[PDB]
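Trainee: Pasting in a structure now, in structure tokens, and then I'll have a few things to ask.
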Amino acid sequence: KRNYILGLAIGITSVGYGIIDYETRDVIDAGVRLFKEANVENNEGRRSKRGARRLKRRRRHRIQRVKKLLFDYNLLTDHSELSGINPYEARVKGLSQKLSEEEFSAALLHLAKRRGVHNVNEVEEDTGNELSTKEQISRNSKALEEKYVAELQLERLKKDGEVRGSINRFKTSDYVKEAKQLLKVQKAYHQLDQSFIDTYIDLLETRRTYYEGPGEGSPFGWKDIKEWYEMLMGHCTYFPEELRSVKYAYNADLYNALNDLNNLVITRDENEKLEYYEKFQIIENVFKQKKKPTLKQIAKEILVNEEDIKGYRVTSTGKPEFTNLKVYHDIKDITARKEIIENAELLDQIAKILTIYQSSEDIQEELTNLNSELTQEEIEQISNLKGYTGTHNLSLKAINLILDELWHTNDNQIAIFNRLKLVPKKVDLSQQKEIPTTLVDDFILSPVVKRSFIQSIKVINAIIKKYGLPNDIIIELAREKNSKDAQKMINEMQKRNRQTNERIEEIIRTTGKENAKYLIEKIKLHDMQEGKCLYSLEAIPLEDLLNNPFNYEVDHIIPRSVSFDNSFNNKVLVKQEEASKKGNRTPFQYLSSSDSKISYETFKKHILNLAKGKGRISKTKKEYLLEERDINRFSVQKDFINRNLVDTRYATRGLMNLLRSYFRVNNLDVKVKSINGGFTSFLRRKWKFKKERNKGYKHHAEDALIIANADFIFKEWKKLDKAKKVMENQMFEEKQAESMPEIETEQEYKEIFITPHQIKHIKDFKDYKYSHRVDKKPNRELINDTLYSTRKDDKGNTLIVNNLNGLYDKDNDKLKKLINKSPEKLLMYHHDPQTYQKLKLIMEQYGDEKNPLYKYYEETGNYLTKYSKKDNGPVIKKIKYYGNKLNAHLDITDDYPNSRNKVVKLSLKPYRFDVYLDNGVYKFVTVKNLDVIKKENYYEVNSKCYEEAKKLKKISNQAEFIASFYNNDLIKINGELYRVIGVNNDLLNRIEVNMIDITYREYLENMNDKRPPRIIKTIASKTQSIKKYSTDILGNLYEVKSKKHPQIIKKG
RNA sequence: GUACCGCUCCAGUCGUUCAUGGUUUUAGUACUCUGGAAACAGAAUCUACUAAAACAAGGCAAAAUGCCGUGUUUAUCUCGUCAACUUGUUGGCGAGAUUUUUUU
DNA sequence: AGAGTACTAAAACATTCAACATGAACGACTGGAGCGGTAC
DNA sequence: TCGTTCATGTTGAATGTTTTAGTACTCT
Ligand SMILES: [Mg+2]
Ligand SMILES: [Mg+2]
Ligand SMILES: [Mg+2]
């Protein structure tokens, strides 16, 4: 062990470490660890698929009920035709006349698949003909107005023809009504007498509520109802063993009232604050009697001036009004009976019950369970109170230990808790050696920063074990990046003084009011965009946004599928007339179109004048508003990831206090500080590094080691005294602060914060150590979901049949690739030649356009017609056509019966592989992600597929095992070291891998090359030396000589 | 400045609760072709729109208002460090075997 | 013996082509922001 | 922004073409 100081950096991709000597400021270690980058969309998807899982699992339950009761009353059997009966006619012809067994079964099954929305039971409004479900249910109701959904559906069938899509969202109770209609019609047609009418709708109205929870086995739920009504909330602060209590508990409201009474200001010739008798008269004459105690009605009990009482809290309206004894009146306004309202404890219990539930029937039972003096008559009324949810941060037994004396003295709350020697949550670990992971859970916001943080504990404990205890820790974060840059943007403004600074400050500092944290982005974008729409540059006044909302709409910039950003960076304010026509179109493509008000260049200069001054657009948002390359692909869908930013303050302080507690208990006078990225931005600015981004994973270290020296900067100059106090949060002596030096202006930064002799070891360091996370977890993303179909032809190969949908669009240019390249592929090239000629007419008459079909629509007002005798065919939007011969796939024709030709999924995902050495040739075996079996709490690599993956490679029994490789290992291949990405192709023995020192894309732009950045290598007899090297938690290099292929999978 | 209360609103997360849709196969009717003089017959087989009926390989539990599959090991292999699962393996601790050569 | 011809079988360097989707509602927690204030 | 000053960009599978060696004939 030697004396060392640590410097950490963290980002949603990686962790970066820099270890410097404490004595002579010499760096000893510098490197970066990588791990599987996490985004909220990941766990959100794991949600959404679980959601859909239950959706299907109950859709099948709704199948089960109808199935069994069809079997029951002699209605259905496994001998009759099930397909070919139209339910649209079924449910309407069931309005008056007979329905057959199988037809009735079809109608009932269809109305079981369909249930409609509950949370809009009683919507009555007009419609703007948008895509939302409320307005469409409004249309459905206004179109029925006497009829049932059956009639509208069947009419839209017989007349127009298309009968699904966005226009089948209907009010649920309408389905319920037509359910009664058809059930009672079929009542007197078969062996159905009384029971059959009920149980369906009873079951067809079943639903799980947003608080029933998932099933029993849930690793996220609860075994009992009342359990999570004791788990969701927090605990007491000063008594971290007993639960909190509700926001509107009666004695809690007494607490708040006494707070507002014991903080008052009186300018009379007596005691400054109220006496005990004065307060008691107040509580029994004003608060208990009137809902909102008016200041005009409070002075009459103490005989003081009506307008000399101050020092209290206000109500929601922003007017001075005291904390209402909300439950007291509300029970009084319906119950004057005195046996209960004179009991504080049962009233507290009533408040707690009213809060910790929201059901209108559970509160009834839980009030009957309070064995009070009430009757049914009152409880049926009291159970329907509203607005009494929310918990308050203390408990009963912290209120009691302060209530009694609060009667008497005139102090203010927390002081009493200090007199009784009550201390908030402070963890003790004075007996431990390394930093634990037990204290993590309380200090966590979301899984993203959870992953980004929890491994700093692992790395620092490893550094302690290998290095002893350090002397200082300095930490930079991924969420502390715009403190001081924004502060100087607020304060510096312009040097011209006077006219410039005294006018636009109302937009620079936003008038210096708290309104900035109440307007939200829907009004912030008005300030951000000069009060002008981005896509039109028309006026968007602040008074019109607050008095005419309907003129302008707030929406995102880029769809989630290629942006995944739900923050204040990916949203804009656009006039309703333009926003309604947007959808899947950004400013680049939207404003360059044939009916746009402006060009891309005028908008570009608009953004530039919005992004070249005070309050400029952030480069992350600037790239959103200019578009790069093309949005219609996946290449930008990944490049939009690594520029994004978020701001938070809880996540920093969580681990900050976690480190301080542990370092204070074990008697470790170790400085621990976190720096915002604002200061380090200036540091990187003024330290004169090379003008290049082709550095890769080393950035995270080269930046982090910056921080590792920044702390030492605090011990070289004497202008940092106030800066030292601020970065340590040190209290300023009242007669000292005005002369304490801090660094705020650029001249001070250049005189003080520039150390060229202490940065030659950070900029020029090129000896990093890398190590990647072996994501050995089983059960990950196996295989994609877009099923694919396959046909047979003359040669005898199987062919993927691709599909082309949405022919009507103006901007679908893909069709040129069929006729003008090779029309042989299309199926209608061989079959239906007459329709082929029909198509060929349009194809040839518009051979010099973008989309010949949209040209046809312009020139004839109607799209192409399905070819037939009379040429009056439905519009064409979809085309099947021939694709590729298929070798490496997943034969999945097992599930569909009767398939005249096989069906395949696509794009298997490799998990690991295995090198073997037969005499002088290395051969591969691949363990896919499909090669895992679940047993109890562990996962076994099914060796059958494994040994079938070595025989088919023709691997000798005498072949010499080298290593099994997991993801992102270090493979020694004949001239280099590489990271497993995966086995690109097993049959070809083509494998895809990547560089270690830098991103190989970024390596290509290091050479400015043009081939795809895929390190793909084919394995054959030409192999000479394949070995395993590996790296430790810091990233240092070694080799492993393990003897056997890993067979068992470690969990955890 | 931190912990501290109560009000108000806002955002996010977790976690839960939904409806509508999307992709591939039979009966189709608008289809393709054959035979046939055509009639007509069948068989195919491109576009559509409905009946039906399945969506990460699996594991379960077995009719129950059922769940998990994009959350952690940790650099691998030795050495022991003893104890509990008990064929093993676990659980930890530490040192090595591993990163410049002279070295007590 | 040594190489062009002509083909033939096979292996590297690169190209091209696919990815399941909307509208809602609510408990907690968390934090954010405005109101005042006591200890430490 | 006179300024490298919040800071990079997929995973799999199937083709097209390009590169070379081998073989046998035939030429010298
Ligand atoms: Mg940073
Ligand atoms: Mg929209
Ligand atoms: Mg960085």
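If you go along the chain as it appears here, the first residue is 1 and each next one adds 1.
Backbone N, Cα and C atoms are what each Cβ position is placed from, and that goes for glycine too.
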Trainee: Quick test of your reading of Swiss-Prot: among A:795-803, A:804-812, A:984-992, where does it put region 'PAM substrate-binding'?
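Mentor: Checking Swiss-Prot against the ranges A:795-803, A:804-812, A:984-992, the region 'PAM substrate-binding' one is A:984-992.
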Trainee: Quick one: sort out which of A:513-520, A:537-544, A:881-888, A:889-896 is the region 'PAM substrate-binding' according to Swiss-Prot.
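Mentor: Comparing A:513-520, A:537-544, A:881-888, A:889-896 with Swiss-Prot, region 'PAM substrate-binding' matches A:881-888.
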Trainee: Can you give me the Cα-Cα distance between A:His556 (active site, proton acceptor for HNH nuclease domain) and A:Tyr788 (RNA binding site) in Å, rounded to a whole number?
Mentor: 33
Trainee: I'm a bit unsure how to read this: which one of A:40-425, A:434-480, A:881-888 has the highest number of Cβ pairs shorter than 8 Å with the region 'RuvC-III' (A:649-774)?
Mentor: A:434-480
Trainee: Just to be sure I understand, if DSSP states are collapsed into helix, strand and coil, how many residues of the region 'PAM substrate-binding' (A:881-888) fall in each?
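Mentor: Result for the region 'PAM substrate-binding' (A:881-888), in helix, strand, coil order: 0 helix, 5 strand, 3 coil.
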Trainee: Within its own chain, what residues at least 6 apart in sequence put their Cβ under 8 Å from the Cβ of A:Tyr788 (RNA binding site), listed in sequence order?
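Mentor: Set apart from A:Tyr788 (RNA binding site) by at least 6 residues yet with Cβ under 8 Å, we have A:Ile800, A:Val801, A:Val903, A:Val904, A:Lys905, A:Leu906.
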Trainee: Report, as numbers and ranges, which residues of the same chain sit near the region 'PAM substrate-binding' (A:881-888): CB under 8 Å and 6 or more residues beyond its ends.
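Mentor: 790-791, 793, 797-804, 818, 825-827, 904, 908, 985-987.
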Trainee: As a quick check of your reading of DSSP, tell me how many residues in the region 'PAM-interacting domain (PI)' (A:909-1052) are helical, how many are strand and how many are coil.
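Mentor: Secondary-structure breakdown of the region 'PAM-interacting domain (PI)' (A:909-1052): 17 helix, 64 strand, 63 coil.
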Trainee: Taking DSSP as the reference, which of helix, strand or coil describes A:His556 (active site, proton acceptor for HNH nuclease domain)?
Mentor: strand
Trainee: Tally every other Cβ atom lying within 10 Å of the Cβ atom of A:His556 (active site, proton acceptor for HNH nuclease domain).
Mentor: 15
